[PDB]
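Novice: Quick one: the structure is below, questions incoming.
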Amino acid sequence: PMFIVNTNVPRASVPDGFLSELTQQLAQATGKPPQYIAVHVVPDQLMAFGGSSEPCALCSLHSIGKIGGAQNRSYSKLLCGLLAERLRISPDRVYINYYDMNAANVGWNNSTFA
Amino acid sequence: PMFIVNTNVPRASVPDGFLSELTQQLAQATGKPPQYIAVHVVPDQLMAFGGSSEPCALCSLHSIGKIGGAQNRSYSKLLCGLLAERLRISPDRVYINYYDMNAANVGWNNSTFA
Amino acid sequence: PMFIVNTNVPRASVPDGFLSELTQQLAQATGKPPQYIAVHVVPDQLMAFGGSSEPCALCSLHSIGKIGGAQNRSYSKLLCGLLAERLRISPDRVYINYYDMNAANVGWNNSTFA
Ligand SMILES: O=C(O)c1cc(-c2cn[nH]c2)ccc1Oc1ccccc1
Ligand SMILES: O=C(O)c1cc(-c2cn[nH]c2)ccc1Oc1ccccc1
């Protein structure tokens with residue numbers, strides 16, 4: 001999968017090791033090999049949630065297959081938990097958008113998937 | 001609703017309270033509870049529109065329902081106007097990608113909206 | 001179309017005129033009018049690909065209508081070729097997500113397309 005986090009929480013508060021932990025945990029959760037997992041964190045952002053500048057996060061999980069009701073709930077729980085634990089962002093100020101990418105619509109290594 | 005603005009307009013040009021303004025106008029325009037309205041502004045971007053460096057913006061508005069023909073026309077007029085008045089970006093150098101997210105694909109507060 | 005590059009390659013490693021080259025090349029590959037081609041490059045990002053933080057890119061290319069595997073493979077090679085040659089990014093560490101936007105869900109110039 002591809003996972004992206006945008007947040008108003010500053011650079012300093014992003015623990016070293018956090019990108020690795022997202023890669024590890026996302027492999028463990030999705031049933032996907034970690035070699036192709038991409039993770040992206042953007043701190044120091046001018047954003048708001050409900051109008052308020054209290055810590056928040058706008059996130060994105062792109063996957064080729066394996067997206068739906070029950071799975072997206074378990075990923076939400078895992079990643080909210082991780083953002084709360086590591087960046088002190090409350091779960092109710094996190095949004096995670098899930099996308100099921102069709103294989104031909106994902107470019108990689110001078111071509112596309114499958 | 002989630003609204004994101006990326007622009008080559010510098011940090012200094014974004015007026016104080018712009019995020020709240022976007023949150024008020026989006027709450028009106030969509031009829032949605034204000035607590036669910038997220039906004040994000042990214043200034044100083046290395047962007048071009050038509051190959052030119054002139055002020056421009058690339059935006060997106062994600063929502064669970066309330067996305068379609070007339071609504072999007074109206075959102076575009078509202079939002080381009082706000083970007084013209086506040087950021088001094090000509091409407092013809094603005095894109096806003098609209099997305100109608102299914103409830104099961106939007107994570108929040110340790111779960112999804114399903 | 002709209003092309004967006006996010007990378008951990010620094011600001012300085014991005015050559016001058018790279019946005020015009022991307023605009024040039026996208027116009028000649030796709031046949032689309034250059035005036036509506038939007039490009040966005042975001043250097044110095046905190047990201048990892050396959051657990052590792054060697055130079056990488058997570059990209060997107062949005063078009064109105066008409067997406068297929070033949071075109072996407074050609075765009076992938078073209079775009080991967082430009083990132084190798086100019087940004088020193090190995091093609092096996094580049095994702096490009098393709099999207100077929102409906103005309104009505106792309107806001108522009110106070111209205112939407114078609
Ligand atoms: O988890 C995925 O399905 C997966 C998803 C993506 C992706 C990048 N942007 N949008 C989607 C890339 C590689 C993947 O992993 C693969 C690993 C091996 C073979 C095929 C895909
Ligand atoms: O190349 C495209 O398909 C195209 C894509 C977009 C777009 C913006 N955000 N997401 C997609 C806008 C105009 C386009 O070009 C057009 C040219 C003429 C008429 C309509 C669209």
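We number each residue from 1, going along the chain as drawn.
Quick check of the header: X-ray crystallography, 2.3 Å.
Placed from the backbone N, Cα and C atoms, the Cβ positions cover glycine too.
Below are the features I grabbed from Swiss-Prot:
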- A:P1: active site, proton acceptor (ACT_SITE)
- A:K32, A:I64, A:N97: substrate binding site (BINDING)
- A:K77: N6-acetyllysine (MOD_RES)
- A:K77: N6-succinyllysine (MOD_RES)
Novice: Near chain B by Cβ (under 8 Å): which of the recorded positions A:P1, A:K32, A:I64, A:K77, A:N97?
Specialist: A:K77, A:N97
Novice: What recorded positions among A:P1, A:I64, A:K77, A:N97 have a C-beta sitting less than 6 Å from any atom of ligand 1?
Specialist: A:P1, A:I64
Novice: In sequence order, what residues of the same chain, 6+ apart, have a Cβ less than 8 Å from the Cβ of A:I64 (substrate binding site)?
Specialist: A:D100, A:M101, A:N102, A:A103, A:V106, A:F113
Novice: Please report the three-state DSSP label of A:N97 (substrate binding site).
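Specialist: For A:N97 (substrate binding site) - judged by DSSP and reduced to three states - the answer is strand.
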Novice: At the Cα level, what's the spacing in Å between A:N97 (substrate binding site) and A:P1 (active site, proton acceptor), rounded?
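Specialist: Between the alpha carbons of A:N97 (substrate binding site) and A:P1 (active site, proton acceptor) there are 13 Å.
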Novice: For the residue listed as 'active site, proton acceptor', list the number of other Cβ atoms lying within 10 Å of its Cβ atom.
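Specialist: Taking every protein chain into account, the count is 23.
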